[PDB]
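Each chain gets a letter, A, B and so on, in the order its sequence line appears, and its residues count up from 1. These numbers come from the heavy atoms of this one structure, side chains and all, not from hydrogens, waters or symmetry mates.
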Amino acid sequence: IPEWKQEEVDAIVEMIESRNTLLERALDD
Amino acid sequence: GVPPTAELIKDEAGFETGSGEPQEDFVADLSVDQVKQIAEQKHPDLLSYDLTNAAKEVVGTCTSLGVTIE
RNA sequence: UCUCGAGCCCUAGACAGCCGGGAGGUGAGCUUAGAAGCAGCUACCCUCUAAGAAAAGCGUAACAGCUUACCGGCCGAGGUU
């Protein structure tokens, strides 16, 4: 449950809002 | 293209050689404006987008030679 | 080779392998005719970024070149101490 993987998703979800697994993760959100 | 940093500093700095030990031995100083000009001479040699960042790169070789700022 | 225990990592993809990336300021400053990761001394900073040392090991007369770190992909289940 690394914190950096959590912070990453938030950073990705932040760009979409305006690793493949992490992208899919952000997208799924 | 444009000449290297190490030199562009030794010009407006008024000195030729650095210090045996950087940040420990301040050889010269540099007003913020002075660095605002150098950052302009190397607009192509740097990756940065804003002039702000371009400085950090330039302003990185200074304190590492004894080139304080004001 | 068998058996038992402890710590840590892992399907948000671990360990290994293979493929791709390993970038700019800048060949840091000093020393030096020259030294550019890698003779030595000192410092060891910031851009772009998913990464990428002021460079860990070879290599060079010095470059070059070959790789490590680091990141991404393929793969898919335990792995490591």
Original post:
Tell me, which of residues 29-40 of chain B have any heavy atom that sits under 4.0 Å from an atom in RNA chain C?
Top reply: none
Original post:
To which residues is B:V27 joined in a hydrophobic cluster, defined by side-chain heavy-atom contacts under 4.5 Å among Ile, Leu, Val, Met, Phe, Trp and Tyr, whether direct or through other members?
Top reply: B:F15
**OP:** Assign B:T5 to base, sugar-phosphate, or nothing according to its heavy-atom contacts below 4.0 angstrom with the strands shown.
**Re:** sugar-phosphate
Original post:
Which is true for B:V58 with a 4.0 Å heavy-atom rule: it touches a base, it touches only sugar-phosphate, or it touches nothing?
Top reply: nothing
At a cut-off of 3.5 Å, list every protein nitrogen or oxygen paired with a nitrogen or oxygen from nucleotides 70-73 of chain C, distance to 0.1 Å.
| residue | atom | partner | partner atom | Å |
| --- | --- | --- | --- | --- |
| C:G72 | OP1 | A:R19 | NE | 2.7 |
| C:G73 | OP1 | A:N20 | N | 2.9 |
| C:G73 | OP1 | A:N20 | ND2 | 3.1 |

Subject >> Gap in Å between the two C1' atoms, one belonging to C:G29 and one to C:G34, rounded >> reply: 16 Å
**OP:** Kindly state which residues belonging to residues 22-29 of chain A come within less than 4.0 angstrom of RNA chain C, counting heavy atoms of the residue only, listed by number.
**Re:** A:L22, A:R25
Original post:
So which of residues 62-70 of chain B are in contact with RNA chain C, with a heavy-atom cut-off of under 4.0 Å?
Top reply: B:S64, B:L65
**OP:** Not counting sequence neighbours, list each pair that qualifies as a side-chain hydrogen bond (donor to acceptor under 3.5 Å, both in side chains) and has a residue in residues 19-38 of chain B.
**Re:** B:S31-B:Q34
Subject >> Where at least one partner belongs to residues 7-16 of chain A, residue pairs that pass side-chain hydrogen bond (donor to acceptor under 3.5 Å, both in side chains), sequence neighbours excluded >> reply: none
What are the atom names and distances for every N/O pair under 3.5 Å that joins the protein to nucleotides 40-42 of chain C?
| residue | atom | partner | partner atom | Å |
| --- | --- | --- | --- | --- |
| C:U42 | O2' | B:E24 | OE2 | 3.4 |

Subject >> Strand-adjacent residues in residues 42-56 of chain B, judged by heavy atoms under 4.0 Å from RNA chain C >> reply: B:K42, B:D45, B:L46, B:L47, B:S48, B:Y49, B:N53, B:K56
**OP:** Take atom P in C:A43 and the same atom in C:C58, then report the distance between them in whole Å.
**Re:** 24 Å
Original post:
What residues form a side chain to side chain contact (heavy atoms under 4.5 Å, CB included) with A:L23, not counting sequence neighbours?
Top reply: A:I12
Subject >> side chain to side chain contact (heavy atoms under 4.5 Å, CB included) partners for B:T5, two or more places apart >> reply: B:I9, B:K42, B:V58, B:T61
Original post:
Mind checking the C1' distance from C:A16 to C:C44? Whole angstroms is fine.
Top reply: 33 Å
Subject >> A:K5 NZ - C:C10 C1' separation (whole Å) >> reply: 8 Å
Original post:
Counting any heavy atom closer than 4.0 Å, what does B:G18 reach on the DNA or RNA strands: base, sugar-phosphate only, or nothing?
Top reply: sugar-phosphate
Subject >> Sequence neighbours excluded - side-chain hydrogen bond (donor to acceptor under 3.5 Å, both in side chains) pairs with any residue from residues 20-29 of chain A >> reply: none
